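Visitor: Here is the input, now give the coordinates:
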Amino acid sequence: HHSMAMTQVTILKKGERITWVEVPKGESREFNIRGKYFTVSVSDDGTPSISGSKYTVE
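Guide: Numbering: from 1, shown residues only. Shown next is the protein structure:
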């Protein structure tokens, strides 16, 4: 019975997948994507968000 897995977050550029990251539910992590820093957050309900305007997340 595996413990709790990361939330897998897909990073989208104009709605198309460019990369993916892992973040625990209820937390935020920093990533460098193509030379810029972004905060990716996953809410309690598993919904992700990202700082900046270049990308969205799913």
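Visitor: hey, what's residue 40 bridged with?
Guide: For residue 40, the residues forming beta bridges with it (DSSP bridges) are residue 29, residue 50.
Visitor: show me what contacts it?
Guide: For residue 40, the contact set (CB atoms under 8 Å, 6 or more residues apart in numbering) comprises 9, 11, 21, 23, 28-31, 48-51, 57. Placement of C-beta: from N, CA and C, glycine included.
Visitor: can you check residue 25 too?
Guide: 4, 7, 42-44, 46.
Visitor: that older thread, can I get the contacts of residue 40 in a markdown table with distance to residue 37 and neighbour count?
Guide: Below are the contacts of residue 40 laid out as a markdown table (distance: CB to CB, whole Å; neighbours: other CB atoms under 10 Å):
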| residue | distance to residue 37 | neighbour count |
| --- | --- | --- |
| 9 | 16 | 23 |
| 11 | 13 | 20 |
| 21 | 13 | 19 |
| 23 | 15 | 19 |
| 28 | 12 | 15 |
| 29 | 11 | 15 |
| 30 | 6 | 9 |
| 31 | 7 | 16 |
| 48 | 16 | 20 |
| 49 | 15 | 13 |
| 50 | 11 | 20 |
| 51 | 8 | 15 |
| 57 | 15 | 18 |
